[PDB]
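Next comes run38.pdb, a file with PDB, C-alpha atoms and all ligand atoms.
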ATOM      1  CA  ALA A   1     -19.398  41.266-103.163
ATOM      2  CA  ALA A   2     -21.490  38.442-104.535
ATOM      3  CA  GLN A   3     -24.958  38.259-105.996
ATOM      4  CA  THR A   4     -26.339  34.718-105.789
ATOM      5  CA  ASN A   5     -28.797  33.407-108.403
ATOM      6  CA  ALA A   6     -27.871  36.284-110.698
ATOM      7  CA  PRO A   7     -29.061  36.566-114.317
ATOM      8  CA  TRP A   8     -26.719  34.356-116.361
ATOM      9  CA  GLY A   9     -25.145  37.312-118.187
ATOM     10  CA  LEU A  10     -23.924  38.938-114.980
ATOM     11  CA  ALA A  11     -22.532  35.639-113.724
ATOM     12  CA  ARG A  12     -20.817  35.131-117.086
ATOM     13  CA  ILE A  13     -18.900  38.414-117.028
ATOM     14  CA  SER A  14     -17.441  37.537-113.619
ATOM     15  CA  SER A  15     -16.386  33.986-114.561
ATOM     16  CA  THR A  16     -13.758  32.374-116.770
ATOM     17  CA  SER A  17     -16.262  29.639-117.674
ATOM     18  CA  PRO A  18     -19.952  29.373-118.594
ATOM     19  CA  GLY A  19     -22.576  27.786-116.371
ATOM     20  CA  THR A  20     -22.105  29.639-113.081
ATOM     21  CA  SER A  21     -24.879  31.481-111.240
ATOM     22  CA  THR A  22     -23.100  33.968-108.970
ATOM     23  CA  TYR A  23     -22.095  37.499-109.987
ATOM     24  CA  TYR A  24     -18.864  38.526-108.259
ATOM     25  CA  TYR A  25     -18.009  42.221-108.197
ATOM     26  CA  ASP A  26     -16.223  44.913-106.214
ATOM     27  CA  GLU A  27     -18.510  46.811-103.823
ATOM     28  CA  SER A  28     -17.605  50.172-105.389
ATOM     29  CA  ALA A  29     -19.998  49.039-108.139
ATOM     30  CA  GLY A  30     -19.515  51.980-110.492
ATOM     31  CA  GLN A  31     -20.206  54.632-107.855
ATOM     32  CA  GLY A  32     -19.088  58.026-109.143
ATOM     33  CA  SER A  33     -19.444  57.139-112.830
ATOM     34  CA  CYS A  34     -22.264  58.165-115.174
ATOM     35  CA  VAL A  35     -23.844  56.255-118.017
ATOM     36  CA  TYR A  36     -26.003  57.867-120.670
ATOM     37  CA  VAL A  37     -28.501  55.439-122.180
ATOM     38  CA  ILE A  38     -29.463  56.792-125.573
ATOM     39  CA  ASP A  39     -32.634  54.946-126.447
ATOM     40  CA  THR A  40     -36.451  55.009-125.999
ATOM     41  CA  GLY A  41     -36.131  56.571-122.553
ATOM     42  CA  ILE A  42     -35.951  55.177-118.998
ATOM     43  CA  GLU A  43     -38.740  54.495-116.545
ATOM     44  CA  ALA A  44     -36.840  56.343-113.818
ATOM     45  CA  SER A  45     -39.468  55.537-111.197
ATOM     46  CA  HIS A  46     -38.781  51.787-111.398
ATOM     47  CA  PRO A  47     -37.837  50.600-107.864
ATOM     48  CA  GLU A  48     -34.825  48.806-109.329
ATOM     49  CA  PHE A  49     -33.065  52.085-110.116
ATOM     50  CA  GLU A  50     -33.255  53.282-106.491
ATOM     51  CA  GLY A  51     -33.460  56.937-107.490
ATOM     52  CA  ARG A  52     -30.217  56.746-109.505
ATOM     53  CA  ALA A  53     -31.886  57.218-112.905
ATOM     54  CA  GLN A  54     -33.217  60.374-114.516
ATOM     55  CA  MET A  55     -34.339  61.594-117.908
ATOM     56  CA  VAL A  56     -32.296  64.539-119.114
ATOM     57  CA  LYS A  57     -33.466  65.010-122.703
ATOM     58  CA  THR A  58     -36.237  63.945-125.077
ATOM     59  CA  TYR A  59     -36.751  64.600-128.766
ATOM     60  CA  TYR A  60     -40.431  63.689-128.652
ATOM     61  CA  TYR A  61     -43.607  64.881-126.921
ATOM     62  CA  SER A  62     -42.799  63.097-123.668
ATOM     63  CA  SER A  63     -39.721  61.840-121.857
ATOM     64  CA  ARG A  64     -41.560  58.672-120.880
ATOM     65  CA  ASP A  65     -40.401  55.279-122.114
ATOM     66  CA  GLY A  66     -43.562  53.983-123.776
ATOM     67  CA  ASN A  67     -41.693  51.077-125.337
ATOM     68  CA  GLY A  68     -39.615  49.243-122.734
ATOM     69  CA  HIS A  69     -36.381  48.825-124.720
ATOM     70  CA  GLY A  70     -34.549  51.749-123.089
ATOM     71  CA  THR A  71     -35.625  50.711-119.599
ATOM     72  CA  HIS A  72     -34.381  47.171-120.262
ATOM     73  CA  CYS A  73     -30.975  48.399-121.435
ATOM     74  CA  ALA A  74     -30.653  50.847-118.551
ATOM     75  CA  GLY A  75     -31.451  47.987-116.186
ATOM     76  CA  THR A  76     -28.576  45.891-117.499
ATOM     77  CA  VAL A  77     -26.222  48.837-117.029
ATOM     78  CA  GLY A  78     -27.202  49.764-113.523
ATOM     79  CA  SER A  79     -30.331  48.355-111.877
ATOM     80  CA  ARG A  80     -29.919  46.803-108.432
ATOM     81  CA  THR A  81     -30.793  43.236-109.391
ATOM     82  CA  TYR A  82     -30.128  43.100-113.122
ATOM     83  CA  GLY A  83     -27.256  45.555-113.501
ATOM     84  CA  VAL A  84     -23.512  45.333-113.974
ATOM     85  CA  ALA A  85     -22.669  48.598-112.226
ATOM     86  CA  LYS A  86     -25.167  48.709-109.402
ATOM     87  CA  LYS A  87     -24.273  52.137-108.018
ATOM     88  CA  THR A  88     -23.753  54.108-111.233
ATOM     89  CA  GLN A  89     -25.812  57.177-112.156
ATOM     90  CA  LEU A  90     -28.069  56.703-115.199
ATOM     91  CA  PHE A  91     -29.085  59.477-117.591
ATOM     92  CA  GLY A  92     -31.776  58.894-120.174
ATOM     93  CA  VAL A  93     -31.778  60.490-123.603
ATOM     94  CA  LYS A  94     -34.867  59.645-125.658
ATOM     95  CA  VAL A  95     -33.877  59.635-129.344
ATOM     96  CA  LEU A  96     -36.165  56.710-130.257
ATOM     97  CA  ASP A  97     -39.951  56.908-130.344
ATOM     98  CA  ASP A  98     -42.252  54.502-128.525
ATOM     99  CA  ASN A  99     -42.192  52.154-131.502
ATOM    100  CA  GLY A 100     -38.425  51.914-131.127
ATOM    101  CA  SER A 101     -37.751  54.001-134.227
ATOM    102  CA  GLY A 102     -35.915  57.238-134.900
ATOM    103  CA  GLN A 103     -34.444  59.320-137.706
ATOM    104  CA  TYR A 104     -30.707  59.582-138.054
ATOM    105  CA  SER A 105     -30.796  63.368-137.562
ATOM    106  CA  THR A 106     -32.338  62.880-134.117
ATOM    107  CA  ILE A 107     -29.904  60.171-133.114
ATOM    108  CA  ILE A 108     -27.009  62.420-134.131
ATOM    109  CA  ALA A 109     -28.470  65.328-132.143
ATOM    110  CA  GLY A 110     -28.717  63.056-129.114
ATOM    111  CA  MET A 111     -25.041  62.134-129.347
ATOM    112  CA  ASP A 112     -23.927  65.752-129.689
ATOM    113  CA  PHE A 113     -26.160  66.572-126.724
ATOM    114  CA  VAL A 114     -24.376  64.045-124.493
ATOM    115  CA  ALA A 115     -20.972  65.407-125.482
ATOM    116  CA  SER A 116     -22.047  68.805-124.165
ATOM    117  CA  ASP A 117     -24.326  67.833-121.267
ATOM    118  CA  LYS A 118     -21.633  65.774-119.516
ATOM    119  CA  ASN A 119     -19.831  69.041-118.791
ATOM    120  CA  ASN A 120     -22.778  69.994-116.520
ATOM    121  CA  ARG A 121     -22.745  66.779-114.459
ATOM    122  CA  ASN A 122     -20.777  65.515-111.476
ATOM    123  CA  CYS A 123     -19.226  62.303-112.797
ATOM    124  CA  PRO A 124     -15.810  62.167-111.118
ATOM    125  CA  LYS A 125     -14.989  58.610-112.212
ATOM    126  CA  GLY A 126     -16.004  59.229-115.815
ATOM    127  CA  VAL A 127     -18.735  59.058-118.442
ATOM    128  CA  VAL A 128     -20.075  56.209-120.615
ATOM    129  CA  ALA A 129     -22.691  56.242-123.380
ATOM    130  CA  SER A 130     -24.622  53.130-124.342
ATOM    131  CA  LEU A 131     -26.175  52.999-127.839
ATOM    132  CA  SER A 132     -28.331  49.940-128.426
ATOM    133  CA  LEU A 133     -29.478  51.095-131.835
ATOM    134  CA  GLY A 134     -28.420  51.327-135.440
ATOM    135  CA  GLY A 135     -29.365  50.936-139.058
ATOM    136  CA  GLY A 136     -27.747  51.043-142.473
ATOM    137  CA  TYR A 137     -24.367  52.657-143.049
ATOM    138  CA  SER A 138     -24.217  56.438-142.643
ATOM    139  CA  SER A 139     -20.965  58.366-142.525
ATOM    140  CA  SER A 140     -22.770  61.153-140.618
ATOM    141  CA  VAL A 141     -23.922  58.778-137.897
ATOM    142  CA  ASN A 142     -20.435  57.300-137.667
ATOM    143  CA  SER A 143     -18.971  60.788-137.426
ATOM    144  CA  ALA A 144     -21.277  61.678-134.526
ATOM    145  CA  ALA A 145     -20.247  58.547-132.641
ATOM    146  CA  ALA A 146     -16.584  59.409-133.260
ATOM    147  CA  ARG A 147     -17.179  62.945-131.929
ATOM    148  CA  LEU A 148     -18.808  61.644-128.786
ATOM    149  CA  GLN A 149     -15.891  59.267-128.148
ATOM    150  CA  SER A 150     -13.373  62.042-128.888
ATOM    151  CA  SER A 151     -15.079  64.343-126.376
ATOM    152  CA  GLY A 152     -14.077  61.976-123.555
ATOM    153  CA  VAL A 153     -17.022  59.584-123.331
ATOM    154  CA  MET A 154     -16.673  55.829-123.518
ATOM    155  CA  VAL A 155     -19.018  54.927-126.376
ATOM    156  CA  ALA A 156     -20.405  51.389-126.631
ATOM    157  CA  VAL A 157     -22.604  50.477-129.604
ATOM    158  CA  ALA A 158     -24.557  47.425-130.733
ATOM    159  CA  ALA A 159     -23.129  45.394-133.602
ATOM    160  CA  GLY A 160     -26.620  44.758-134.995
ATOM    161  CA  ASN A 161     -28.879  41.724-135.361
ATOM    162  CA  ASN A 162     -28.590  40.838-139.055
ATOM    163  CA  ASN A 163     -26.192  37.863-138.850
ATOM    164  CA  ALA A 164     -24.035  39.878-141.242
ATOM    165  CA  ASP A 165     -20.819  41.867-141.395
ATOM    166  CA  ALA A 166     -21.258  44.931-139.195
ATOM    167  CA  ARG A 167     -19.250  47.008-141.691
ATOM    168  CA  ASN A 168     -22.543  47.864-143.394
ATOM    169  CA  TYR A 169     -24.271  49.248-140.304
ATOM    170  CA  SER A 170     -24.011  52.440-138.260
ATOM    171  CA  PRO A 171     -22.817  53.426-135.776
ATOM    172  CA  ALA A 172     -21.507  49.822-135.461
ATOM    173  CA  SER A 173     -18.981  50.357-138.255
ATOM    174  CA  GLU A 174     -17.264  53.384-136.687
ATOM    175  CA  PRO A 175     -13.895  51.979-135.675
ATOM    176  CA  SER A 176     -13.144  54.432-132.839
ATOM    177  CA  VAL A 177     -16.035  53.327-130.612
ATOM    178  CA  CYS A 178     -16.595  49.977-128.890
ATOM    179  CA  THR A 179     -18.681  47.688-131.081
ATOM    180  CA  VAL A 180     -20.372  44.855-129.194
ATOM    181  CA  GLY A 181     -21.571  41.461-130.440
ATOM    182  CA  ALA A 182     -23.865  39.044-128.574
ATOM    183  CA  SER A 183     -23.298  35.580-127.108
ATOM    184  CA  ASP A 184     -25.592  33.043-125.465
ATOM    185  CA  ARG A 185     -25.391  31.138-122.212
ATOM    186  CA  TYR A 186     -23.554  28.236-123.830
ATOM    187  CA  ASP A 187     -20.796  30.519-125.151
ATOM    188  CA  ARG A 188     -22.027  30.473-128.733
ATOM    189  CA  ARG A 189     -22.234  33.579-130.863
ATOM    190  CA  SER A 190     -25.894  34.560-130.729
ATOM    191  CA  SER A 191     -27.503  33.333-133.931
ATOM    192  CA  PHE A 192     -28.598  36.862-134.877
ATOM    193  CA  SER A 193     -25.394  38.659-133.923
ATOM    194  CA  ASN A 194     -23.468  40.608-136.537
ATOM    195  CA  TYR A 195     -19.762  39.840-136.826
ATOM    196  CA  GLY A 196     -16.734  41.109-138.688
ATOM    197  CA  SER A 197     -13.398  42.804-138.161
ATOM    198  CA  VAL A 198     -14.957  45.944-136.703
ATOM    199  CA  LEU A 199     -16.283  44.085-133.638
ATOM    200  CA  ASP A 200     -14.277  44.830-130.504
ATOM    201  CA  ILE A 201     -15.852  42.542-127.964
ATOM    202  CA  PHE A 202     -18.752  40.182-127.184
ATOM    203  CA  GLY A 203     -21.137  40.321-124.258
ATOM    204  CA  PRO A 204     -24.159  38.284-123.163
ATOM    205  CA  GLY A 205     -27.103  38.964-125.494
ATOM    206  CA  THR A 206     -29.496  35.999-125.630
ATOM    207  CA  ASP A 207     -32.301  35.678-123.040
ATOM    208  CA  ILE A 208     -31.327  38.623-120.866
ATOM    209  CA  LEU A 209     -33.539  39.384-117.879
ATOM    210  CA  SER A 210     -33.840  43.043-116.965
ATOM    211  CA  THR A 211     -36.218  45.859-115.995
ATOM    212  CA  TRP A 212     -39.272  46.705-118.115
ATOM    213  CA  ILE A 213     -41.895  49.437-118.054
ATOM    214  CA  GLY A 214     -44.830  49.304-115.670
ATOM    215  CA  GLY A 215     -42.427  48.400-112.875
ATOM    216  CA  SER A 216     -41.946  44.952-114.358
ATOM    217  CA  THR A 217     -39.236  42.665-115.739
ATOM    218  CA  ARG A 218     -38.784  40.566-118.847
ATOM    219  CA  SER A 219     -36.258  38.606-120.829
ATOM    220  CA  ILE A 220     -35.391  39.630-124.379
ATOM    221  CA  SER A 221     -32.548  39.037-126.854
ATOM    222  CA  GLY A 222     -30.317  41.175-129.059
ATOM    223  CA  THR A 223     -26.990  42.914-129.469
ATOM    224  CA  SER A 224     -29.009  45.667-127.773
ATOM    225  CA  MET A 225     -28.690  43.579-124.641
ATOM    226  CA  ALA A 226     -25.000  42.819-124.944
ATOM    227  CA  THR A 227     -24.071  46.491-125.335
ATOM    228  CA  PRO A 228     -25.164  47.636-121.825
ATOM    229  CA  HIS A 229     -23.177  44.756-120.273
ATOM    230  CA  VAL A 230     -20.057  46.299-121.809
ATOM    231  CA  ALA A 231     -21.138  49.871-120.977
ATOM    232  CA  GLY A 232     -21.767  48.878-117.360
ATOM    233  CA  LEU A 233     -18.451  47.011-117.210
ATOM    234  CA  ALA A 234     -16.609  50.101-118.456
ATOM    235  CA  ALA A 235     -18.268  52.265-115.797
ATOM    236  CA  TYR A 236     -17.316  49.666-113.214
ATOM    237  CA  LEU A 237     -13.678  49.566-114.348
ATOM    238  CA  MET A 238     -13.389  53.354-114.563
ATOM    239  CA  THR A 239     -14.593  53.675-110.957
ATOM    240  CA  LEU A 240     -11.897  51.168-109.926
ATOM    241  CA  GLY A 241      -9.323  53.326-111.702
ATOM    242  CA  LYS A 242      -8.221  50.504-113.995
ATOM    243  CA  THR A 243      -8.843  52.431-117.192
ATOM    244  CA  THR A 244     -10.121  55.684-118.718
ATOM    245  CA  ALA A 245     -12.860  56.552-121.198
ATOM    246  CA  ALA A 246     -10.334  56.787-124.037
ATOM    247  CA  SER A 247      -8.882  53.329-123.520
ATOM    248  CA  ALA A 248     -11.646  51.294-121.828
ATOM    249  CA  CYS A 249     -12.612  49.375-124.972
ATOM    250  CA  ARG A 250      -9.000  48.326-125.491
ATOM    251  CA  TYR A 251      -8.603  47.425-121.804
ATOM    252  CA  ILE A 252     -11.774  45.317-121.870
ATOM    253  CA  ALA A 253     -10.482  43.487-124.973
ATOM    254  CA  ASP A 254      -7.047  43.002-123.383
ATOM    255  CA  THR A 255      -8.515  41.466-120.223
ATOM    256  CA  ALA A 256     -11.348  39.502-121.867
ATOM    257  CA  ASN A 257     -11.895  35.778-121.843
ATOM    258  CA  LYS A 258     -10.193  34.716-125.063
ATOM    259  CA  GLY A 259     -11.189  31.809-127.303
ATOM    260  CA  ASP A 260     -14.220  30.739-125.231
ATOM    261  CA  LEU A 261     -16.845  31.385-127.908
ATOM    262  CA  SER A 262     -17.978  29.080-130.698
ATOM    263  CA  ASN A 263     -19.408  29.903-134.147
ATOM    264  CA  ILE A 264     -17.074  32.875-134.536
ATOM    265  CA  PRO A 265     -16.247  33.487-138.240
ATOM    266  CA  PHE A 266     -12.560  33.760-139.158
ATOM    267  CA  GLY A 267     -11.530  37.410-138.855
ATOM    268  CA  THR A 268     -13.850  38.206-135.961
ATOM    269  CA  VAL A 269     -12.392  38.529-132.462
ATOM    270  CA  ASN A 270     -13.042  35.724-130.002
ATOM    271  CA  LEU A 271     -13.220  37.900-126.890
ATOM    272  CA  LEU A 272     -15.859  37.870-124.144
ATOM    273  CA  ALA A 273     -16.194  40.711-121.629
ATOM    274  CA  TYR A 274     -14.792  39.754-118.215
ATOM    275  CA  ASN A 275     -14.351  41.766-115.010
ATOM    276  CA  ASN A 276     -11.334  39.820-113.658
ATOM    277  CA  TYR A 277     -12.677  40.028-110.113
ATOM    278  CA  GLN A 278     -10.618  38.413-107.363
ATOM    279  CA  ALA A 279     -11.850  38.438-103.763
TER     280      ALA A 279
HETATM  281 CA    CA A 301     -12.737  30.062-120.417
HETATM  282 CA    CA A 302     -13.582  49.768-132.226
END
What is this structure when it is put down as structure tokens?
Amino acid sequence: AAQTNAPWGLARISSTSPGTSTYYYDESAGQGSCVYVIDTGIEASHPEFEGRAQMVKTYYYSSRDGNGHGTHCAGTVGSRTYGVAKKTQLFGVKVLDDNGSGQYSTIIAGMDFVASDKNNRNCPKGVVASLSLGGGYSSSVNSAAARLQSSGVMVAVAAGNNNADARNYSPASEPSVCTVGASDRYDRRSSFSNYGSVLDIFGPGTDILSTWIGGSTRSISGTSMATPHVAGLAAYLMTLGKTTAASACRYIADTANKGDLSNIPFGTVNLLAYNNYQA
């Protein structure tokens, strides 16, 4: 299948070179997989989700996304127009308030919730969790991410936007999950992206168009945006049977575009997420 005039990030993950505008993907499109977006919530009623999104848990007064951030990330995972895996099922877990903030205890609870809740869902091709959040180092937050991964969920997390070594941020610094940096449309490391040996992979993160609240769209930047590209790609690959939740991060790194990025510090991987599609 081919989506013409796609957002640049989608085109980039289906190309060996920058500058293309078509997103090439297998029609299966993540059908049968499930992605939990652990964030500010998801505007499930947005036409772009086609009824495939639902809120399953909130830690605040409402399950509504009053911010936009969660809806944007969910859109990059699985919206019709802006999504990597266009037929996946999306589950929203609201651990961040409408200002985009949350305590570590709540974020941890949200991860442990997903590890249990997945056992109640029909996700035959597998389960992914996308965490576009983080803050300073916490061994408890890292431990929760490790638990979620261990329970059989592919965990993708943002590297952070401090232009620093991600070793000092959580859950970015947990080695067992998939830590995602951001790149721009000219194959440069995004100027804000964290780096370091704990990074597993890069995805598109600068000027990413996706869904927003109020049934709208907008373009924003961050490692928050790169992370759902990788989460969606994992769901897509799991549906194709190419990999499993336990080894998807490794498989994505193995099959990535290598050496394409510039402004990568020595010691950080030069790997860009790639779906290896061939018609
Ligand atoms: Ca290349
Ligand atoms: Ca890792």
**Request:** Show me which residues sit within 9 Å of ligand CA 302 (chain A) when counting only C-alpha atoms and all ligand atoms, and put them as a PyMOL selection string.
**Result:** chain A and resi 156+172-180+198-201+249-250
**Message:** For a quick check of understanding, using only C-alpha atoms, which of A:140, A:116, A:227, A:239 has the smallest distance to residue 29 (chain A)?
**Reply:**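 Once distances to residue 29 (chain A) are computed over only C-alpha atoms, the minimum belongs to A:239.
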**Atom-to-atom span, CA of residue 104 (chain A) and CA of residue 193 (chain A), Å** =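 Going from CA of residue 104 (chain A) over to CA of residue 193 (chain A), I get 22.0 Å.
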**Request:** Check which residues satisfy the PyMOL selection byres (((chain A and resi 65-82) around 7) and not hetatm) in the file shown, then give them as a PyMOL selection string.
**Result:** chain A and resi 7+37+39-43+48-49+63-64+83-88+98-100+209-213+225+228-229+231-232
Take the residues just selected and output them with C-alpha atoms as a PDB file, in the coordinates of the input.
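Output file out-v3.pdb is given in full below:
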ATOM      1  CA  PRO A   7     -29.061  36.566-114.317  1.00  0.00           C
ATOM      2  CA  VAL A  37     -28.501  55.439-122.180  1.00  0.00           C
ATOM      3  CA  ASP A  39     -32.634  54.946-126.447  1.00  0.00           C
ATOM      4  CA  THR A  40     -36.451  55.009-125.999  1.00  0.00           C
ATOM      5  CA  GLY A  41     -36.131  56.571-122.553  1.00  0.00           C
ATOM      6  CA  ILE A  42     -35.951  55.177-118.998  1.00  0.00           C
ATOM      7  CA  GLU A  43     -38.740  54.495-116.545  1.00  0.00           C
ATOM      8  CA  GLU A  48     -34.825  48.806-109.329  1.00  0.00           C
ATOM      9  CA  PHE A  49     -33.065  52.085-110.116  1.00  0.00           C
ATOM     10  CA  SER A  63     -39.721  61.840-121.857  1.00  0.00           C
ATOM     11  CA  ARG A  64     -41.560  58.672-120.880  1.00  0.00           C
ATOM     12  CA  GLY A  83     -27.256  45.555-113.501  1.00  0.00           C
ATOM     13  CA  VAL A  84     -23.512  45.333-113.974  1.00  0.00           C
ATOM     14  CA  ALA A  85     -22.669  48.598-112.226  1.00  0.00           C
ATOM     15  CA  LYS A  86     -25.167  48.709-109.402  1.00  0.00           C
ATOM     16  CA  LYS A  87     -24.273  52.137-108.018  1.00  0.00           C
ATOM     17  CA  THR A  88     -23.753  54.108-111.233  1.00  0.00           C
ATOM     18  CA  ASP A  98     -42.252  54.502-128.525  1.00  0.00           C
ATOM     19  CA  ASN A  99     -42.192  52.154-131.502  1.00  0.00           C
ATOM     20  CA  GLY A 100     -38.425  51.914-131.127  1.00  0.00           C
ATOM     21  CA  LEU A 209     -33.539  39.384-117.879  1.00  0.00           C
ATOM     22  CA  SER A 210     -33.840  43.043-116.965  1.00  0.00           C
ATOM     23  CA  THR A 211     -36.218  45.859-115.995  1.00  0.00           C
ATOM     24  CA  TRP A 212     -39.272  46.705-118.115  1.00  0.00           C
ATOM     25  CA  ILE A 213     -41.895  49.437-118.054  1.00  0.00           C
ATOM     26  CA  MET A 225     -28.690  43.579-124.641  1.00  0.00           C
ATOM     27  CA  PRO A 228     -25.164  47.636-121.825  1.00  0.00           C
ATOM     28  CA  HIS A 229     -23.177  44.756-120.273  1.00  0.00           C
ATOM     29  CA  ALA A 231     -21.138  49.871-120.977  1.00  0.00           C
ATOM     30  CA  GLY A 232     -21.767  48.878-117.360  1.00  0.00           C
TER      31      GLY A 232
END
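We find CA of residue 111 (chain A) and CA of residue 139 (chain A) to be spaced 14.3 Å apart.
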**Asked** What is the distance between CA of residue 4 (chain A) and CA of residue 20 (chain A), in Å to one decimal?
**Response** 9.8 Å
Produce a table with one row for each residue of chain A that has an atom at most 8 Å from any atom of ligand CA 301 (chain A), each row naming the nearest atom pair and its distance in Å at one decimal; use all atoms listed in the file; arrange rows by chain and rising residue number; format as CSV.
residue,atom,partner,partner_atom,distance
A:15,CA,A:CA301,CA,7.9
A:16,CA,A:CA301,CA,4.4
A:17,CA,A:CA301,CA,4.5
A:18,CA,A:CA301,CA,7.5
A:257,CA,A:CA301,CA,6.0
A:258,CA,A:CA301,CA,7.1
A:259,CA,A:CA301,CA,7.3
A:260,CA,A:CA301,CA,5.1
**Asked** If we count all atoms listed in the file, what is near region 123-136 of chain A at a cut-off of 7 Å, once residues fewer than 2 positions away on the same chain are taken out, given as an MDAnalysis selection string?
**Response** chainID A and resid 32:39 121 138 153:158 160 168:171 224 227:228 231 235 238:239 245
**Prompt:** So, counting all atoms listed in the file, which residue among A:55, A:264, A:107, A:166 is closest to residue 144 (chain A)?
**Reply:**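 Comparing A:55, A:264, A:107, A:166 against residue 144 (chain A), the winner is A:107.
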Edge lengths and centre in Å, axis-aligned, region 234-243 of chain A plus 6 Å each side, as JSON:
{"center_x": -13.2, "center_y": 51.6, "center_z": -114.2, "size_x": 22.0, "size_y": 16.1, "size_z": 20.5}
